[PDB]
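The block underneath contains the structure these notes are about, expressed in structure tokens.
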Amino acid sequence: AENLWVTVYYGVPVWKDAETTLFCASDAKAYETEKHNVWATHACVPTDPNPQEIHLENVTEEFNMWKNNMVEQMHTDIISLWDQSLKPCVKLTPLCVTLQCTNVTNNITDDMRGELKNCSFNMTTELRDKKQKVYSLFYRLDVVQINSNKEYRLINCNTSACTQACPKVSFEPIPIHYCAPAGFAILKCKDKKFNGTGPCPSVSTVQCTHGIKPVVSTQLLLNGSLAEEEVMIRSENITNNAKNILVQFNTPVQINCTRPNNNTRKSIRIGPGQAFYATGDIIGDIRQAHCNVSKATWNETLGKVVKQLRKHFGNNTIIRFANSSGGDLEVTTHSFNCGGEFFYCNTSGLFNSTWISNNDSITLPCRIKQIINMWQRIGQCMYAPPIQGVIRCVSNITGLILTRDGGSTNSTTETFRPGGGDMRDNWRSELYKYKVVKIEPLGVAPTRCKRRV
Amino acid sequence: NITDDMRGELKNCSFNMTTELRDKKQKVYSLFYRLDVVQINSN
Amino acid sequence: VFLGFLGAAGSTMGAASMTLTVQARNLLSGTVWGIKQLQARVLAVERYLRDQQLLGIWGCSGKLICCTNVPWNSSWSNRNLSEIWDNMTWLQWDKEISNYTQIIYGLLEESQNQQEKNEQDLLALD
Amino acid sequence: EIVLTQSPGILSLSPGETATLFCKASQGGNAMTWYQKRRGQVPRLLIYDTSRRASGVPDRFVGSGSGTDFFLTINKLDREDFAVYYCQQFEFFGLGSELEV
Amino acid sequence: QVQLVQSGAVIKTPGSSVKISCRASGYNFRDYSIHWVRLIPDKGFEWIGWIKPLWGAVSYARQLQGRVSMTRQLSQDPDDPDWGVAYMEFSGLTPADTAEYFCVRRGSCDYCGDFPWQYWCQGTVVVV
Ligand SMILES: CC(=O)N[C@@H]1[C@@H](O)[C@H](O[C@@H]2O[C@H](CO)[C@@H](O[C@@H]3O[C@H](CO[C@H]4O[C@H](CO[C@H]5O[C@H](CO)[C@@H](O)[C@H](O)[C@@H]5O[C@H]5O[C@H](CO)[C@@H](O)[C@H](O)[C@@H]5O)[C@@H](O)[C@H](O)[C@@H]4O)[C@@H](O)[C@H](O[C@H]4O[C@H](CO)[C@@H](O)[C@H](O)[C@@H]4O)[C@@H]3O)[C@H](O)[C@H]2NC(C)=O)[C@@H](CO)O[C@H]1O
Ligand SMILES: CC(=O)N[C@@H]1[C@@H](O)[C@H](O[C@@H]2O[C@H](CO)[C@@H](O[C@@H]3O[C@H](CO[C@H]4O[C@H](CO[C@H]5O[C@H](CO)[C@@H](O)[C@H](O)[C@@H]5O[C@H]5O[C@H](CO)[C@@H](O)[C@H](O)[C@@H]5O)[C@@H](O)[C@H](O)[C@@H]4O)[C@@H](O)[C@H](O[C@H]4O[C@H](CO)[C@@H](O)[C@H](O)[C@@H]4O)[C@@H]3O)[C@H](O)[C@H]2NC(C)=O)[C@@H](CO)O[C@H]1O
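So, in structure tokens, the structure goes:
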């Protein structure tokens, strides 16, 4: 009996940390969306009607969301997926032309600059033989003064080429699930006070993640899943100012946004098959794009982050909020899509506070672009067609990407500013619950047993 | 300044090239090897 | 009782050696996205077959629990029976024996073919 | 803020010997970085994450430490090792220790 | 091989601003922050700030805020599109700003943080 023998085990519950290609899952209503619009919903496998996540009792697991792959994988999947969509969509090669632009029909005070330039230009025809002078409307940001005529050009003309998104497509973020292969598990930190790094007591295996819709947005991140108890403020290295802070809200703060102008679209035959969607007459008043949030709730929720922040910087500390320091329009402003057009909302009004140790709304203005250069584009750009009519969207704010000032001097007055830049932060914000592991079922161990002769 | 026997293998070529804008053009020059060009046909 | 796939993670190696057919079960069945699906579909059978490969080059195609003829080198663990089967978990246990698992496998490989080369001689004489 | 205090100010040793340099941080728990600056030359990263050697740094440089106490050890001193050495954590720096012959 | 090349030494009068350039090449310029740091005689190193080239987001040392501005320009050469230049402008100079200014970049290994600077420009001496 004293002599022990190894006996092999198949089906042993043990895993090694891994990386692997996952795959997407979506629901039937995403295909019911039809209209040939949603990206990759079609090639994407379906979800489960009765999903199950088995809780694993008595086990702890060392998570780290700042050294994860499935957010790098996702970030990549999103960039690829998007870029494959633009291949069929028409090229605006000849739209790069010397425009002759003026201001839009308006009677505004001199201080208020003109942001809608009415531009006429020699465009191409269905026939190589001919040409056509035709006019369109452009935002001031989509053009640059070229040089007593007032002539302009599309801003991309010196940086990159341009390709018009098919209107028969949609930008709506629909929920994606990242399902593992066989013999691969995803482990889910069910602890409701986890900062994203270290041992998690409450853990569960699961095939696919939750419905993670790809909202690509700077400053405040929207429509995301929110915390269960406290407003959790997560970072890789909090002490170091170079690293950003991911704030995850507890309560949703609803923010309504809109383009008040009843814009119109005309279609211009580049020919043949090619067809540019110009911006036609503005029906009605010429107003300003903007977003509203409750000053009451913003007060309330900015009070929550401060209560949490003092747990890291001292009880007797001043924590005020300031606007962006300076940089690209991509990062100096709350960027998002709304109805199919891209927004650039001044966040100075939100981040303008001060906090001591112890009924209207916030109108915040916006800009709008059509030729966009997202994901740090370099050789290619994309013209987002005019969306006919009036546009308005309603969304919750789920989080923030804040940034602290490194001047320091041990001052109890370290202030914060909204940030963005790298878009992995957004998927980092939703994927903090998850980790991918490689299943290894072949156990070997001694029990008093010999195999027969 | 080479001897007549030695043929010129570096041709300085000027040409109307295209611009970033469809509207315009640009005469610009480049250098080409004799093998990368052919006489087309007192220019 | 039925816990679920991996449910006996933090269970003792004795209790976890009950639910083996559950981890063994959910292990096979369950154009951008299209390629992801394909190199995940092969990865799962490659990874699966590599285990059946081992069980087969040993005698343990049964399988689950399979005894053998290579005796336990105390150097590998040296712990007593109770304190691994009624105490430790496989997550834990794996990291101890991890240093020699491939050396242990080699002992198994020779031992099986040795069995076959022998058993032919038995059926040969009888 | 973090205050890094290096010692000694000057260390006098011979080629072939081992130098030990110290850096005490006012706050514990962070990893340490070290740089070498030879007279009149661009600073050179030696150690990061407390003990990892940077690109092209020979193994006679050895970083270690824990809590608030950190060390740079230079084994079998070479003529080129005589220089000023600085420690860093995030944006904060020690004032340097000079290794002299 | 990563290379950071700065503009030359300059003499500045008090009240002046100095603009220092740092041409970065041998890697994808958008993928890494550039920091600026100054080595001051008898006072040691002082971190000035960082810039992230994608959006040009910046962070300035609290004690220098109001006196420093960092910007960048990305290559416009179609067959050599991945290098760029980082600029730092430092204003309201006094003799106390007499220092050697460096642009620096982190290492690109897995355990390399943001502040261990593996790559250094040759430095720019500014005498006020
Ligand atoms: C502001 C912002 O930024 N947030 C937006 C947000 O606006 C929006 O979500 C909305 O928010 C608003 C405000 O928070 C909501 O408005 C409030 O809604 C309720 C409306 O009450 C509801 O039901 C009422 C009927 O009352 C009774 O009757 C039922 C049917 O007969 C019956 O089942 C019930 O028992 C019930 O109780 C009794 O009453 C009946 C008679 O009605 C009686 O016979 C029974 O026996 C019972 O005694 C009805 O009144 C109402 O239409 C609604 O269905 C209101 O109480 C609030 O009104 C008060 O405040 C108004 C301004 O705030 C003020 O004008 C009024 O005078 C009132 O004092 C208020 O409207 C809203 O529902 C919700 N809107 C939407 C679209 O869902 C979302 C949307 O995008 O985004 C946020 O970001
Ligand atoms: C500034 C900023 O960035 N912060 C915003 C923030 O503004 C905002 O939250 C708001 O903050 C402001 C300022 O901090 C709040 O304003 C203050 O509110 C109180 C208002 O007092 C309240 O009740 C008053 C009535 O007084 C009495 O009467 C009751 C009813 O009759 C009774 O129950 C009570 O007993 C009470 O006591 C006695 O008085 C009555 C008569 O009123 C008497 O008969 C009784 O017997 C008692 O003796 C009423 O006055 C008032 O409307 C309110 O309901 C005020 O005192 C403050 O006013 C003073 O300061 C003003 C400027 O600061 C100055 O103009 C005045 O002259 C006063 O000196 C002040 O307004 C505010 O309530 C709150 N606002 C909101 C919307 O909630 C939030 C919102 O987003 O965000 C922050 O970021």
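Residue numbers (the deposited numbering), protein chains in the order written: chain A, 31 to 141, 150 to 185, 187 to 309, 312 to 321, 321A, 322 to 398, 411 to 505; chain E, 137 to 141, 150 to 185, 187 to 188; chain B, 518 to 547, 569 to 664; chain W, 1 to 27, 29 to 91, 96 to 106; chain V, 1 to 52, 52A, 53 to 76, 76A to 76G, 77 to 82, 82A to 82C, 83 to 100, 100A to 100F, 101 to 111. Even for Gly, the Cβ is constructed at its ideal location relative to N, Cα and C.
Check	Outcome
Residues of chain A with a CB under 9 Å from the CB of residue 560/B: which are they?	Residues lacking coordinates in chain B include everything strictly between 547 and 569, among them residue 560/B.
Going straight from the alpha carbon of residue 359/A to that of residue 66/A, what length do you get?	49 Å
Applying a beta-carbon distance threshold of less than 7 Å, which residues of chain A neighbour residue 91/W?	278, 279
Between residue 76C/V and chain A, is there a C-beta pair that is closer than 9 Å?	no
Closer than 8 Å, Cβ to any Cβ of chain W: which residues of the stretch 459-477 of chain A, in chain order?	460, 461, 462
Per the DSSP calculation, residue 18/V is bridged to which residue(s)?	82/V
Indicate, with yes or no, if ligand 1 has a heavy atom lying under 8 Å from the CB of residue 446/A.	yes
Spell out whether any CB of chain A is found under 9 Å from the CB atom of residue 168/E.	yes
Among 221/A, 312/A, 284/A, which residue has its Cα nearest to the Cα of residue 584/B?	221/A
Using alpha carbons as the reference points, say which of 187/A, 45/A, 131/A, 325/A lies closest to residue 631/B.	45/A
Using only the heavy atoms of ligand 2, determine whether one of them is closer than 8 Å to the beta carbon of residue 335/A.	yes
Cβ-heavy atom distance between residue 339/A and ligand 1 below 8 Å?	no
For chain V, check one thing: does any of its Cβ atoms lie closer than 9 Å to the Cβ of residue 44/W?	yes
Measuring straight from C-alpha to C-alpha, what distance separates residue 423/A and residue 444/A?	20 Å
Is it the case that the CB of residue 323/A approaches a heavy atom of ligand 1 more closely than 8 Å?	no
Anyone know if the C-beta pair for residue 570/B and residue 70/A falls short of 9 Å?	yes
Can you give me the C-alpha to C-alpha distance between residue 451/A and residue 334/A, rounded to a whole angstrom?	16 Å
List, in chain order, every chain E residue whose beta-carbon is nearer than 8 Å to that of residue 197/A.	164
Output yes or no for whether 9 Å exceeds the beta carbon distance between residue 368/A and residue 55/V.	yes
Apart from the five residues on each side of it in sequence, which residues of its chain come closer than 8 Å, Cβ to Cβ, to residue 440/A?	302, 303, 304
Just checking residue 590/B against ligand 1 - is the residue's beta carbon closer than 8 Å to any of the ligand's heavy atoms?	no
For a contact meaning CB atoms closer than 7 Å, what does residue 100/W contact in chain V?	44
Looking at ligand 1, does it come within less than 8 Å of residue 332/A, judged from the CB to the closest heavy atom?	yes
Closest to residue 349/A by C-alpha separation, out of 214/A, 273/A, 313/A, would be which residue?	273/A
Are the C-beta of residue 432/A and some C-beta of chain V separated by less than 9 Å?	no
Going by the DSSP bridge assignment, what does residue 498/A pair with across the sheet?	36/A
Comparing the CB of residue 262/A with every heavy atom of ligand 1, is any distance shorter than 8 Å?	no
With distances taken between CB atoms, is the gap from residue 321/A to residue 174/A smaller than 9 Å?	yes
Tell me, which residues are paired with residue 470/A by DSSP?	454/A
Shorter than 8 Å, the distance from the beta carbon of residue 295/A to the closest heavy atom of ligand 1, or not?	yes
Just to check my reading of the structure: residue 71/V and residue 460/A have Cβ atoms closer than 8 Å, yes? What is that Cβ distance to the nearest angstrom?	At roughly 24 Å, the Cβ-Cβ gap does not stay under 8 Å, so residue 71/V and residue 460/A are not in contact.
Can you name the start and end residues of the beta strand (DSSP E) that residue 509/A belongs to?	Because chain A here runs from 31 to 505, residue 509/A falls outside it and cannot be looked at.
Chain W beta carbons: is any one of them nearer than 9 Å to that of residue 105/V?	yes
On a Cα-Cα basis, can you pick out the residue from 164/E, 155/E, 162/E that is closest to residue 183/E?	155/E
Using a threshold of 9 Å, state whether the C-beta atoms of residue 30/V and residue 109/A are closer than that.	no
Determine whether the Cβ of residue 252/A lies closer than 9 Å to any Cβ atom of chain B.	no
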